[PDB]
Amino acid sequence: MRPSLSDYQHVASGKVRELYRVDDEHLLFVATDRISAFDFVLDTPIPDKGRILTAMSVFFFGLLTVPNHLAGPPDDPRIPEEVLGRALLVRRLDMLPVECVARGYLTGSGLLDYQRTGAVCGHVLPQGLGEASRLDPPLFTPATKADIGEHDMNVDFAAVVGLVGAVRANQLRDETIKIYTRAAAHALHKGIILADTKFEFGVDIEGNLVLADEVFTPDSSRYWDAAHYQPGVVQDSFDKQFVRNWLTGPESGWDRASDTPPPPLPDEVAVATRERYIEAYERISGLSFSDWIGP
């Protein structure tokens, strides 16, 4: 008999994820079906999104050779029935307070920083880059969490040194770029560009660096369709473009510039979005989502 979720103590909530204490050395890392667009958690869940993203993260953890915080299999008996397939048993770590971001392509706040200053997180870039320009080598563009509801703040390497130590900062930079490079090459071979990604790491009892959180989901990474990669324009979000187009289209009745909470999504848009998640997962993993565990 699997325990109830109510047997565990809630310790943290994010926009679409939850964290529970299992015992002194283990946590339960829970993905929900909530989706975020335009910095709003939308009213409408995407069915199976939590399970699909958990499956994705597990696949990429298995692909990468680096130590990670997984502490049991996806069907570990400590996982409650209610969250089966969308929750993982993980080791409790001392988390390092750095959002470790790699960018293979220039977009979002990286592009904006570049357009304002010619530099991103201390990296002075070549002239003449623009939206969705390829960056080679990939850039380490660390950030720190800001206040509630606020965007992460881009920082330079010196800031990372000040947060975690000089040797550790070097390690975060090197591992972030190595891990991103491996995953991005794998995805591209399968027809998906991972344009960028965000990692968190923690440290175990021995002082060892351990990859934590979730890895290479479409929430932690910009997924693009490689077959439509066109430098110089904004690339479609592989997973979220239907949602974005509907919300800013004529049928939603919503004005994005108003910054009022957006309306619920059509069921059809939610189902189409689920399909995009499954497509991305199956193309990258070579597995069938119908084989992924659930309640």
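One-based numbering along the sequence shown.
Student: Would you mind comparing 233-241 and 262-270 for me and telling me which has the higher average C-alpha temperature factor in the entry?
Tutor: Per the deposited B-factors, the answer is 262-270.
Student: Using the B-factors recorded in the PDB entry, average over the C-alpha atoms of 182-190 and of 204-212, then report which stretch comes out higher.
Tutor: Averaging CA B-factors over each stretch, the winner is 204-212.
Student: Whose CA atom has the top B-factor in the entry, of 70, 46, 31, 66?
Tutor: If I rank 70, 46, 31, 66 by C-alpha B-factor, first place goes to 66.
Student: Checking the record values for 131, 150, 99, 76, which has the greatest CA B factor?
Tutor: Of the candidates given, the C-alpha B-factor peaks at 150.
Student: Test of reading the entry: by CA B factor among the chain's modelled residues, which third contains residue 254?
Tutor: Highest third - that is where residue 254 ends up once the chain's C-alpha B-factors are sorted.
Student: Going by the CA temperature factor in the PDB record, which third of the chain does residue 217 belong to: lowest, middle or highest?
Tutor: For residue 217, whose C-alpha B-factor we compare with every modelled residue in the chain, the answer is the lowest third.
Student: State the tercile, meaning the lowest, middle or highest third, of residue 52 with respect to the CA B-factors recorded for its chain.
Tutor: Bottom third by C-alpha B-factor.
Student: Quick one: classify residue 174 as lowest, middle or highest third of the chain based on its Cα B-factor.
Tutor: Tercile = middle for this residue's CA B-factor.
Student: Tell me, lowest, middle or highest third: where does the Cα B factor of residue 61 rank within its chain?
Tutor: Its C-alpha B-factor, which the entry lists for residue 61, ranks in the middle third among residues of this chain.
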